[PDB]
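Below: the structure, in structure tokens.
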Amino acid sequence: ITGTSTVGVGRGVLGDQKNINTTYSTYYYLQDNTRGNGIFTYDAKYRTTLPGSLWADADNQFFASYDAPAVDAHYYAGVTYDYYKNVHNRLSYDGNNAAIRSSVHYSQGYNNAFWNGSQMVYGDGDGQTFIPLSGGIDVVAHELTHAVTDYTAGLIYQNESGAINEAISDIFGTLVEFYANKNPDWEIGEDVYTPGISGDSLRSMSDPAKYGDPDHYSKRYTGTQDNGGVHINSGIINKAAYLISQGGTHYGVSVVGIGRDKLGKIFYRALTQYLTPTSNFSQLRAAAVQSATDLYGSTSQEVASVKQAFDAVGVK
Ligand SMILES: [Ca+2]
Ligand SMILES: [Ca+2]
Ligand SMILES: [Ca+2]
Ligand SMILES: [Cl-]
Ligand SMILES: [Cl-]
Ligand SMILES: [Cl-]
Ligand SMILES: [Cl-]
Ligand SMILES: [Cl-]
Ligand SMILES: [Zn+2]
Ligand SMILES: [Zn+2]
Ligand SMILES: [Zn+2]
Ligand SMILES: [Zn+2]
Ligand SMILES: [Zn+2]
Ligand SMILES: [Zn+2]
Ligand SMILES: [Zn+2]
Ligand SMILES: [Zn+2]
Ligand SMILES: [Zn+2]
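Just so we're aligned: 85 in PDB author numbering is position 85 of the sequence shown, and the numbers increase by one with no gaps anywhere.
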């Protein structure tokens with residue numbers, strides 16, 4: 001809508017206060033004019049009709065319980081935009097400043113969130129498995145990263161390619177969470193999963209086997225469930241990424257960590273320049289080695305650590 005750019009204030013899903021970019025035209029709308037072609041957040045009103053109504057608020061204060069998922073969807077879309085722009089010189093998910101549109105209060109008791117090809121969609125959870133899913137910055141950025149992948153490599157969502165697709169979204173979801181300094185960690189979805197249980201998450205990148213997920217290629221799932229193990233086998237790549245950044249010794253292989261920024265640069269270059277729709281784990285290794293070579297040189301520590309990390313998780 002047309003109006004005046006304003007800054008409102010509200011509280012997110014976890015009760016934290018934050019400022020949000022809004023637009024004033026009689027009402028204050030969750031329309032951020034400061035990022036690309038805009039960030040727009042919508043009320044789906046517990047329906048499954050999308051996108052719903054552009055979020056309108058009478059006073060630019062967003063402290064109602066019903067407001068909280070919208071505050072976080074809007075704010076964390078903005079943080080994700082800022083990450084890709086400031087760290088990777090990428091303008092929105094398509095690199096062409098596409099508007100980022102999000103709908104909250106999707107359906108009733110809905111324990112999921114997803115990028116649907118044109119917008120983000122967030123359930124509120126059932127209050128036991130999940131609280132509203134936009135409360136997790138890593139969830140928001142994980143799903144928006146699926147759009148990045150779709151607009152670059154086009155990784156197929158099945159089998160090893162699909163596990164790479166998932167792991168890329170976990171890697172950049174995590175890197176966004178660190179970029180924001182929003183209680184960062186190497187676990188996924190901890191801020192919105194099981195409010196009655198502290199210390200858990202959907203999966204761990206630093207220790208996938210904490211939740212039973214494989215941390216080595218020899219332990220990969222080979223059946224047909226979960227589209228051929230896309231959220232299961234992602235642990236193999238997630239652990240390699242963790243090792244590249246943080247270092248460690250894994251199945252006896254010592255990895256010299258090179259930090260988060262270099263992890264992100266290596267994997268962003270691999271994703272955008274080298275991966276293809278059917279890349280497998282071995283091809284991802286090659287893409288990451290080539291990317292680190294492009295950036296740091298073939299004789300660099302960075303290249304040596306990429307190789308170490310993929311050796312540690314059994315990916316040749
Ligand atoms: Ca209000
Ligand atoms: Ca996390
Ligand atoms: Ca929990
Ligand atoms: Cl460990
Ligand atoms: Cl381990
Ligand atoms: Cl480790
Ligand atoms: Cl180990
Ligand atoms: Cl190699
Ligand atoms: Zn998803
Ligand atoms: Zn995903
Ligand atoms: Zn966290
Ligand atoms: Zn699990
Ligand atoms: Zn798992
Ligand atoms: Zn799954
Ligand atoms: Zn998923
Ligand atoms: Zn280990
Ligand atoms: Zn370890």
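C-beta: ideal position from N, C-alpha, C; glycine also.
Under DSSP, the beta-bridge partners assigned to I188 are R203. The continuous stretches of alpha helix (DSSP H) do not include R90, and DSSP gives it neither H nor E. If only complete runs of 4 or more residues are kept, the region 231-294 shows the alpha helix (DSSP H) at 234-246 and 260-269, in order along the chain. Taking C-beta atoms as the reference points, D138 and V104 fail to come closer than 9 Å.
Taking 8 Å as the cut-off, the C-beta of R220 does not count as close to any heavy atom of ligand 12.
The criterion of a C-beta distance shorter than 9 Å is not satisfied by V230 and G125.
Distances from the alpha-carbon of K210 to those of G235, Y217 and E143 put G235 closest. For ligand 10, residues qualifying as neighbours are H142, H146, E166 and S169, where qualification means a beta carbon closer than 6 Å to at least one of its heavy atoms (chain order). The residues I236, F281, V313, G314 and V315, in chain order, have a CB closer than 8 Å to that of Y217 in the same chain once the five nearest residues on each side in sequence are set aside.
The C-beta separation of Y81 from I100 comes to about 6 Å, placing the pair in contact by the 8 Å criterion.
Where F310 is concerned, the enclosing alpha helix (DSSP H) starts and stops at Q301 to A312. Distances from the CB of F267 to the heavy atoms of ligand 8 are all 8 Å or more. No Cβ-Cβ contact shorter than 9 Å links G15 with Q61.
Minimum Cα-Cα distance from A286 among the listed residues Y75, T41, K307 and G3 corresponds to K307. Around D213, the same chain offers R203, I232 and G235 as residues with beta carbons nearer than 7 Å, after the five sequence neighbours per side are excluded. Distances between the C-beta of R101 and the heavy atoms of ligand 12 are all 8 Å or more.
Every beta strand (DSSP E) of 3 residues or more that sits fully in the region 120-196 is shown, in chain order, as 120-122. For the options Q246, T145 and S25, the alpha carbon positioned closest to that of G95 is the one of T145.
In chain order, the residues that have a beta carbon nearer than 6 Å to some heavy atom of ligand 7 are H250 and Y251.
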